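upload-v8.cif follows (mmCIF, C-alpha atoms and all ligand atoms):
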```
data_work
loop_
_atom_site.group_PDB
_atom_site.id
_atom_site.type_symbol
_atom_site.label_atom_id
_atom_site.label_comp_id
_atom_site.auth_asym_id
_atom_site.auth_seq_id
_atom_site.Cartn_x
_atom_site.Cartn_y
_atom_site.Cartn_z
ATOM 1 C CA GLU A 7 -41.342 -100.274 22.923
ATOM 2 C CA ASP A 8 -43.693 -101.549 20.231
ATOM 3 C CA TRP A 9 -43.384 -105.318 20.534
ATOM 4 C CA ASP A 10 -43.239 -107.663 17.536
ATOM 5 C CA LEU A 11 -45.220 -110.861 18.096
ATOM 6 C CA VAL A 12 -42.941 -113.514 16.603
ATOM 7 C CA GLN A 13 -44.865 -116.733 17.261
ATOM 8 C CA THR A 14 -47.374 -118.543 19.451
ATOM 9 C CA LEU A 15 -46.056 -120.673 22.330
ATOM 10 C CA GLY A 16 -49.236 -122.098 23.854
ATOM 11 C CA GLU A 22 -52.872 -118.055 24.772
ATOM 12 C CA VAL A 23 -49.216 -116.927 24.893
ATOM 13 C CA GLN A 24 -47.043 -115.422 22.160
ATOM 14 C CA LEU A 25 -43.385 -114.414 21.918
ATOM 15 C CA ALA A 26 -42.869 -110.657 21.782
ATOM 16 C CA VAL A 27 -39.520 -109.102 20.832
ATOM 17 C CA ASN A 28 -38.683 -105.416 21.164
ATOM 18 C CA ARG A 29 -37.327 -103.823 18.000
ATOM 19 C CA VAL A 30 -35.308 -101.157 19.805
ATOM 20 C CA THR A 31 -33.599 -103.337 22.444
ATOM 21 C CA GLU A 32 -34.585 -106.827 21.271
ATOM 22 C CA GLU A 33 -35.243 -108.148 24.772
ATOM 23 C CA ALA A 34 -37.613 -111.097 24.381
ATOM 24 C CA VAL A 35 -40.734 -111.427 26.560
ATOM 25 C CA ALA A 36 -43.617 -113.883 26.749
ATOM 26 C CA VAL A 37 -47.069 -112.363 26.334
ATOM 27 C CA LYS A 38 -50.142 -114.067 27.793
ATOM 28 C CA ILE A 39 -53.250 -112.905 25.941
ATOM 29 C CA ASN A 51 -59.761 -115.409 37.654
ATOM 30 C CA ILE A 52 -57.399 -113.066 35.837
ATOM 31 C CA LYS A 53 -57.594 -110.174 38.313
ATOM 32 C CA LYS A 54 -56.170 -112.574 40.901
ATOM 33 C CA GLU A 55 -53.424 -113.763 38.500
ATOM 34 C CA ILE A 56 -52.185 -110.184 38.046
ATOM 35 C CA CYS A 57 -52.755 -109.474 41.740
ATOM 36 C CA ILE A 58 -50.594 -112.435 42.758
ATOM 37 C CA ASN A 59 -47.972 -111.850 40.041
ATOM 38 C CA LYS A 60 -47.492 -108.342 41.483
ATOM 39 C CA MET A 61 -46.329 -109.798 44.831
ATOM 40 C CA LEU A 62 -43.735 -112.206 43.374
ATOM 41 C CA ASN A 63 -39.975 -111.602 43.170
ATOM 42 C CA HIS A 64 -37.958 -114.850 42.944
ATOM 43 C CA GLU A 65 -35.244 -116.329 40.695
ATOM 44 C CA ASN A 66 -37.193 -119.601 40.570
ATOM 45 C CA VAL A 67 -40.495 -117.967 39.626
ATOM 46 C CA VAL A 68 -41.414 -116.636 36.173
ATOM 47 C CA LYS A 69 -41.066 -112.823 36.325
ATOM 48 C CA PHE A 70 -44.045 -110.527 35.909
ATOM 49 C CA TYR A 71 -43.122 -107.323 34.094
ATOM 50 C CA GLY A 72 -46.583 -105.768 33.825
ATOM 51 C CA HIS A 73 -49.822 -105.696 31.853
ATOM 52 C CA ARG A 74 -52.235 -103.575 29.794
ATOM 53 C CA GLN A 80 -55.761 -108.163 28.604
ATOM 54 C CA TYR A 81 -52.026 -108.655 28.092
ATOM 55 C CA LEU A 82 -49.555 -110.130 30.583
ATOM 56 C CA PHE A 83 -45.853 -109.392 30.173
ATOM 57 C CA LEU A 84 -43.963 -112.405 31.528
ATOM 58 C CA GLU A 85 -40.334 -113.554 31.662
ATOM 59 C CA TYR A 86 -39.653 -115.612 28.543
ATOM 60 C CA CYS A 87 -37.902 -118.901 29.272
ATOM 61 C CA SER A 88 -35.925 -120.023 26.217
ATOM 62 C CA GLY A 89 -35.013 -123.291 27.931
ATOM 63 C CA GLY A 90 -38.429 -124.819 27.364
ATOM 64 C CA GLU A 91 -40.446 -126.773 29.891
ATOM 65 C CA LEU A 92 -39.419 -129.519 32.324
ATOM 66 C CA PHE A 93 -41.341 -132.219 30.451
ATOM 67 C CA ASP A 94 -39.094 -131.695 27.440
ATOM 68 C CA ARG A 95 -36.127 -132.601 29.661
ATOM 69 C CA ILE A 96 -37.729 -135.922 30.624
ATOM 70 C CA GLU A 97 -37.246 -138.999 28.427
ATOM 71 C CA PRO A 98 -40.423 -141.124 28.525
ATOM 72 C CA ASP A 99 -40.157 -144.314 30.613
ATOM 73 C CA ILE A 100 -36.626 -143.320 31.649
ATOM 74 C CA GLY A 101 -36.631 -139.869 33.212
ATOM 75 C CA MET A 102 -33.313 -138.115 33.500
ATOM 76 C CA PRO A 103 -29.910 -138.352 35.222
ATOM 77 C CA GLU A 104 -30.478 -138.306 38.966
ATOM 78 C CA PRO A 105 -28.034 -135.344 39.263
ATOM 79 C CA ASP A 106 -30.201 -133.162 36.974
ATOM 80 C CA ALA A 107 -33.322 -134.232 38.856
ATOM 81 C CA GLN A 108 -31.810 -133.199 42.162
ATOM 82 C CA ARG A 109 -30.737 -129.829 40.847
ATOM 83 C CA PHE A 110 -34.249 -129.241 39.487
ATOM 84 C CA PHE A 111 -35.813 -130.346 42.766
ATOM 85 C CA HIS A 112 -33.608 -128.001 44.849
ATOM 86 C CA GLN A 113 -34.801 -125.135 42.664
ATOM 87 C CA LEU A 114 -38.388 -126.383 42.743
ATOM 88 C CA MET A 115 -38.119 -126.365 46.549
ATOM 89 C CA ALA A 116 -36.551 -122.887 46.562
ATOM 90 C CA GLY A 117 -39.483 -121.498 44.563
ATOM 91 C CA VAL A 118 -42.124 -123.288 46.596
ATOM 92 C CA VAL A 119 -40.575 -122.272 49.923
ATOM 93 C CA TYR A 120 -40.735 -118.694 48.689
ATOM 94 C CA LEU A 121 -44.351 -118.795 47.517
ATOM 95 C CA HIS A 122 -45.377 -120.401 50.798
ATOM 96 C CA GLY A 123 -43.219 -117.837 52.611
ATOM 97 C CA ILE A 124 -45.536 -115.125 51.361
ATOM 98 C CA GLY A 125 -48.793 -116.999 51.802
ATOM 99 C CA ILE A 126 -49.204 -118.180 48.188
ATOM 100 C CA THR A 127 -49.969 -121.724 46.970
ATOM 101 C CA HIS A 128 -49.541 -122.479 43.265
ATOM 102 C CA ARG A 129 -52.075 -125.310 43.278
ATOM 103 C CA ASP A 130 -51.015 -126.631 39.875
ATOM 104 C CA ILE A 131 -47.437 -127.857 40.108
ATOM 105 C CA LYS A 132 -46.482 -130.129 37.241
ATOM 106 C CA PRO A 133 -43.694 -130.228 34.616
ATOM 107 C CA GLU A 134 -45.877 -128.266 32.169
ATOM 108 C CA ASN A 135 -45.659 -125.357 34.637
ATOM 109 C CA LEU A 136 -41.969 -125.654 35.384
ATOM 110 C CA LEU A 137 -40.150 -123.636 32.738
ATOM 111 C CA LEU A 138 -36.442 -123.560 31.999
ATOM 112 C CA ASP A 139 -34.467 -120.426 31.164
ATOM 113 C CA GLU A 140 -31.235 -120.304 29.148
ATOM 114 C CA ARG A 141 -29.049 -121.285 32.112
ATOM 115 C CA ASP A 142 -31.525 -124.103 32.695
ATOM 116 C CA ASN A 143 -32.791 -122.528 35.876
ATOM 117 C CA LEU A 144 -36.292 -123.781 36.674
ATOM 118 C CA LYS A 145 -39.078 -121.185 36.937
ATOM 119 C CA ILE A 146 -42.550 -121.749 38.337
ATOM 120 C CA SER A 147 -45.115 -120.551 35.767
ATOM 121 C CA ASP A 148 -48.852 -119.701 35.640
ATOM 122 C CA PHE A 149 -50.489 -118.353 38.782
ATOM 123 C CA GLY A 150 -53.933 -118.664 37.221
ATOM 124 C CA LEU A 151 -54.986 -121.289 39.742
ATOM 125 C CA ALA A 152 -52.893 -119.841 42.578
ATOM 126 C CA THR A 153 -54.470 -118.574 45.794
ATOM 127 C CA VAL A 154 -53.664 -116.992 49.170
ATOM 128 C CA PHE A 155 -53.551 -119.395 52.096
ATOM 129 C CA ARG A 156 -51.911 -117.097 54.617
ATOM 130 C CA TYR A 157 -52.799 -113.435 55.177
ATOM 131 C CA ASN A 158 -52.013 -111.445 58.336
ATOM 132 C CA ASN A 159 -50.340 -114.580 59.700
ATOM 133 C CA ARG A 160 -53.548 -116.588 59.729
ATOM 134 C CA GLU A 161 -53.937 -119.757 57.703
ATOM 135 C CA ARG A 162 -57.031 -120.277 55.594
ATOM 136 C CA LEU A 163 -57.786 -123.901 54.762
ATOM 137 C CA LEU A 164 -58.688 -124.631 51.162
ATOM 138 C CA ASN A 165 -62.015 -126.199 50.225
ATOM 139 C CA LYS A 166 -61.903 -125.719 46.450
ATOM 140 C CA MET A 167 -60.669 -128.424 44.123
ATOM 141 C CA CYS A 168 -57.945 -127.263 41.743
ATOM 142 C CA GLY A 169 -55.142 -128.816 39.751
ATOM 143 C CA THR A 170 -54.453 -131.842 37.612
ATOM 144 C CA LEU A 171 -55.513 -135.328 38.725
ATOM 145 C CA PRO A 172 -52.140 -137.146 38.608
ATOM 146 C CA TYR A 173 -50.324 -134.451 40.616
ATOM 147 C CA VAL A 174 -53.080 -133.714 43.181
ATOM 148 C CA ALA A 175 -52.880 -134.756 46.826
ATOM 149 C CA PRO A 176 -55.341 -137.452 47.959
ATOM 150 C CA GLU A 177 -56.880 -135.339 50.770
ATOM 151 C CA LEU A 178 -58.114 -132.878 48.139
ATOM 152 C CA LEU A 179 -60.264 -135.704 46.708
ATOM 153 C CA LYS A 180 -61.824 -136.910 49.969
ATOM 154 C CA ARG A 181 -61.900 -133.903 52.322
ATOM 155 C CA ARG A 182 -64.108 -130.816 52.561
ATOM 156 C CA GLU A 183 -61.212 -128.619 53.645
ATOM 157 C CA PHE A 184 -57.450 -129.057 53.756
ATOM 158 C CA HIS A 185 -54.089 -127.304 54.254
ATOM 159 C CA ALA A 186 -52.503 -125.689 51.189
ATOM 160 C CA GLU A 187 -48.836 -126.525 51.828
ATOM 161 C CA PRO A 188 -48.900 -130.305 51.927
ATOM 162 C CA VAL A 189 -50.851 -130.227 48.648
ATOM 163 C CA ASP A 190 -48.005 -128.434 46.886
ATOM 164 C CA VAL A 191 -45.528 -130.809 48.552
ATOM 165 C CA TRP A 192 -47.343 -133.888 47.217
ATOM 166 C CA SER A 193 -47.346 -132.558 43.645
ATOM 167 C CA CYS A 194 -43.598 -131.841 43.960
ATOM 168 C CA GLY A 195 -43.136 -135.511 44.862
ATOM 169 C CA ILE A 196 -45.134 -136.630 41.827
ATOM 170 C CA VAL A 197 -42.842 -134.361 39.795
ATOM 171 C CA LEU A 198 -39.759 -135.942 41.352
ATOM 172 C CA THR A 199 -41.191 -139.342 40.396
ATOM 173 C CA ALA A 200 -41.625 -138.103 36.828
ATOM 174 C CA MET A 201 -38.018 -136.880 36.653
ATOM 175 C CA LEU A 202 -36.594 -140.176 37.993
ATOM 176 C CA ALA A 203 -38.860 -142.767 36.326
ATOM 177 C CA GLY A 204 -40.127 -140.997 33.210
ATOM 178 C CA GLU A 205 -43.696 -141.996 34.039
ATOM 179 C CA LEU A 206 -46.523 -140.853 36.370
ATOM 180 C CA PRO A 207 -47.452 -143.348 39.140
ATOM 181 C CA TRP A 208 -51.270 -143.136 38.895
ATOM 182 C CA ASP A 209 -54.221 -141.519 37.139
ATOM 183 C CA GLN A 210 -55.393 -140.071 40.450
ATOM 184 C CA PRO A 211 -54.608 -140.686 44.131
ATOM 185 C CA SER A 212 -57.759 -142.618 45.027
ATOM 186 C CA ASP A 213 -58.298 -146.107 46.468
ATOM 187 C CA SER A 214 -60.389 -146.955 43.408
ATOM 188 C CA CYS A 215 -57.042 -146.816 41.550
ATOM 189 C CA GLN A 216 -54.927 -149.979 41.460
ATOM 190 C CA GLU A 217 -51.577 -148.222 40.978
ATOM 191 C CA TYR A 218 -52.154 -146.035 44.031
ATOM 192 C CA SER A 219 -53.423 -148.900 46.190
ATOM 193 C CA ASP A 220 -50.217 -150.722 45.251
ATOM 194 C CA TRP A 221 -48.038 -147.864 46.506
ATOM 195 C CA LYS A 222 -49.985 -147.528 49.746
ATOM 196 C CA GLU A 223 -49.258 -151.251 50.008
ATOM 197 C CA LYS A 224 -45.536 -150.625 49.380
ATOM 198 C CA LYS A 225 -45.323 -152.789 46.262
ATOM 199 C CA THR A 226 -42.200 -150.874 45.216
ATOM 200 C CA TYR A 227 -41.013 -153.738 42.991
ATOM 201 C CA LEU A 228 -43.539 -152.424 40.463
ATOM 202 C CA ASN A 229 -43.262 -149.379 38.216
ATOM 203 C CA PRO A 230 -42.388 -146.577 38.417
ATOM 204 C CA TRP A 231 -40.801 -147.174 41.818
ATOM 205 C CA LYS A 232 -38.594 -150.018 40.581
ATOM 206 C CA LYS A 233 -36.769 -147.597 38.262
ATOM 207 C CA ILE A 234 -35.792 -145.430 41.238
ATOM 208 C CA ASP A 235 -32.697 -145.602 43.409
ATOM 209 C CA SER A 236 -33.275 -146.422 47.093
ATOM 210 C CA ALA A 237 -32.292 -142.957 48.398
ATOM 211 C CA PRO A 238 -34.643 -140.785 46.337
ATOM 212 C CA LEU A 239 -37.287 -143.465 46.802
ATOM 213 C CA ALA A 240 -36.978 -143.160 50.590
ATOM 214 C CA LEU A 241 -37.805 -139.474 50.114
ATOM 215 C CA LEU A 242 -40.866 -140.291 48.022
ATOM 216 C CA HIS A 243 -41.966 -142.626 50.815
ATOM 217 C CA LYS A 244 -41.952 -139.538 53.019
ATOM 218 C CA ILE A 245 -43.611 -137.177 50.511
ATOM 219 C CA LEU A 246 -46.272 -139.424 49.049
ATOM 220 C CA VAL A 247 -47.783 -140.017 52.483
ATOM 221 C CA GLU A 248 -51.615 -140.048 52.363
ATOM 222 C CA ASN A 249 -52.319 -138.331 55.671
ATOM 223 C CA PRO A 250 -51.328 -134.701 55.073
ATOM 224 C CA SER A 251 -50.374 -134.269 58.761
ATOM 225 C CA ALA A 252 -47.971 -137.192 58.578
ATOM 226 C CA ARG A 253 -46.628 -136.018 55.221
ATOM 227 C CA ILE A 254 -43.115 -134.550 55.277
ATOM 228 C CA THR A 255 -42.789 -130.786 55.315
ATOM 229 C CA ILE A 256 -40.426 -128.724 53.230
ATOM 230 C CA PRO A 257 -38.036 -127.841 56.059
ATOM 231 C CA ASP A 258 -37.672 -131.604 56.694
ATOM 232 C CA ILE A 259 -37.280 -132.443 52.985
ATOM 233 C CA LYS A 260 -34.333 -130.022 53.189
ATOM 234 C CA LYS A 261 -32.689 -132.420 55.694
ATOM 235 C CA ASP A 262 -33.404 -135.602 53.740
ATOM 236 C CA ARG A 263 -30.416 -137.788 52.800
ATOM 237 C CA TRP A 264 -30.957 -137.876 49.020
ATOM 238 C CA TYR A 265 -31.676 -134.111 48.992
ATOM 239 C CA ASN A 266 -28.287 -133.432 50.599
ATOM 240 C CA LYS A 267 -26.463 -136.152 48.641
ATOM 241 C CA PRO A 268 -23.593 -134.900 46.454
ATOM 242 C CA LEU A 269 -24.251 -135.847 42.817
ATOM 243 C CA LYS A 270 -22.185 -135.339 39.664
HETATM 244 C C1 LIG B 301 -42.043 -121.696 24.757
HETATM 245 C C2 LIG B 301 -41.290 -121.969 26.054
HETATM 246 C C3 LIG B 301 -42.149 -122.787 27.011
HETATM 247 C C4 LIG B 301 -39.983 -122.699 25.764
HETATM 248 N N1 LIG B 301 -40.975 -120.689 26.700
HETATM 249 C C5 LIG B 301 -41.913 -120.031 27.368
HETATM 250 N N2 LIG B 301 -41.747 -118.862 27.997
HETATM 251 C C6 LIG B 301 -42.866 -118.418 28.600
HETATM 252 N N3 LIG B 301 -42.913 -117.284 29.287
HETATM 253 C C7 LIG B 301 -43.975 -119.239 28.430
HETATM 254 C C8 LIG B 301 -45.369 -119.013 29.006
HETATM 255 O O1 LIG B 301 -45.608 -118.006 29.666
HETATM 256 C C9 LIG B 301 -46.457 -120.059 28.753
HETATM 257 C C10 LIG B 301 -47.710 -119.918 29.333
HETATM 258 C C11 LIG B 301 -48.697 -120.866 29.104
HETATM 259 C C12 LIG B 301 -48.445 -121.944 28.269
HETATM 260 C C13 LIG B 301 -47.199 -122.078 27.673
HETATM 261 C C14 LIG B 301 -46.207 -121.135 27.911
HETATM 262 S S1 LIG B 301 -43.495 -120.545 27.521
#
```
What would the structure in this file look like if it were written as structure tokens?
Amino acid sequence: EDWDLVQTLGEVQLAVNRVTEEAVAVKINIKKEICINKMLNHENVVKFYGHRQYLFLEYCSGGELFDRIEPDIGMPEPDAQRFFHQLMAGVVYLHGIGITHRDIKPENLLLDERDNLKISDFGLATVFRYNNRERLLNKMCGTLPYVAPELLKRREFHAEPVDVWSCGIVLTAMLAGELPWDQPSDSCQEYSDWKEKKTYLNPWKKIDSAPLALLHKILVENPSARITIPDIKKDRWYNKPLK
């Protein structure tokens, strides 16, 4: 139980145990990260083993989701669906226990050996439900291309639709190989074009009609009109058999 630090991965290093040889990722604001990690137990979330500051995390030898995406092309729709089902599974879970990730993007979706997707890095994560009472979020967190528009123009907002939006931006990235806009603001041509339904432009043009119908439902500007996860679970492309 004296871990060898083999190499740096990102400030995270790879630690291997000499006695048993089980690999773990070691990560070298934080009190909350450990706090939140302590609550989590899901097969689509990076596992927290413990800490001493040093964080002992499940090491994913698959890499990250971005590696799986070919620029300007994306990936086979079947792999995208499988990844999205698992992305949804993880997010449903986090939300189920009052946690929002707040920074969902392919950099934070890690792949294990089986290629199972794992949600990583709860550094920006926060509680949005406690004792069955929702707390709206007023803070701005995340990464401009994946953030929901309401977070840019509203004092307070609901946590869940924000995570849903980012998941849609991720689905776009898996199916088109590119990100639709710099940020979701009217001052941005690409975003104005989408709100205008100019789907003959990129990235939307690279995307089959069925997944694109789902993105029409996810990338909805009004967070109250935006599709919810239970309803995504009933969407036609989501339940479409793919080889
Ligand atoms: C090196 C890689 C991404 C294929 N495997 C990883 N496993 C874990 N556990 C990683 C991280 O925890 C991490 C954290 C921040 C930045 C990069 C990787 S990265």
Please report, as a Markdown table, each residue of region 84-141 of chain A lying at most 10 Å from region 222-239 of chain A, together with the nearest pair of atoms and the separation in Å rounded to one decimal; use all atoms listed in the file, and order rows by chain and ascending residue number.
```
| residue | atom | partner | partner_atom | distance |
| --- | --- | --- | --- | --- |
| A:99 | CA | A:230 | CA | 8.4 |
| A:100 | CA | A:233 | CA | 7.9 |
| A:101 | CA | A:233 | CA | 9.2 |
| A:104 | CA | A:238 | CA | 8.8 |
| A:108 | CA | A:238 | CA | 9.1 |
```
Evaluate the PyMOL selection byres (((chain A and resi 269) around 6) and not hetatm) and report residues as a ChimeraX atom specification = /A:105,268,270
List all protein, DNA and RNA residues that have any atom at most 8 Å from ligand LIG 301 (chain B), counting only C-alpha atoms and all ligand atoms, and write the list as number ranges by chain.
-> A: 15-16, 22-25, 35-38, 68, 84-91, 134-135, 137-139, 147-148
Answer as an MDAnalysis selection string, residues within 10 Å of (-54.5, -143.8, 48.2) using all atoms listed in the file = chainID A and resid 175:177 208 210:223 246:249
Distance CA of residue 70 (chain A)-CA of residue 178 (chain A), one decimal place?
-> 29.1 Å
Determine, counting all atoms listed in the file, which protein, DNA and RNA residues have an atom within 8 Å of an atom of residue 153 (chain A); residues of the same chain fewer than 3 positions away are not included. Present the result as a PyMOL selection string.
-> chain A and resi 54+58+126-129
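The gap separating CA of residue 151 (chain A) from CA of residue 200 (chain A) is 21.7 Å, in Å to one decimal.
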Among listed residues A:116, A:254, A:56, A:203, nearest residue 103 (chain A) (using only C-alpha atoms) =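 Of the candidates, the smallest distance to residue 103 (chain A) is held by A:203.
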Applied to the shown file, which residues does the PyMOL selection byres (((chain A and resi 186) around 7) and not hetatm) return, written as a VMD selection string?
-> chain A and resid 127 155 163 to 164 184 to 185 187 to 190
Let me see the file: selected residues, C-alpha atoms, as a compact mmCIF listing (two decimals), keeping the file's coordinate frame.
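Writing the result to result-v6.txt gives the following:
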```txt
# COMPACT_ATOMS: atom_id res chain seq x y z
CA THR A 127 -49.97 -121.72 46.97
CA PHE A 155 -53.55 -119.40 52.10
CA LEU A 163 -57.79 -123.90 54.76
CA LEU A 164 -58.69 -124.63 51.16
CA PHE A 184 -57.45 -129.06 53.76
CA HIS A 185 -54.09 -127.30 54.25
CA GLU A 187 -48.84 -126.52 51.83
CA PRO A 188 -48.90 -130.30 51.93
CA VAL A 189 -50.85 -130.23 48.65
CA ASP A 190 -48.00 -128.43 46.89
```
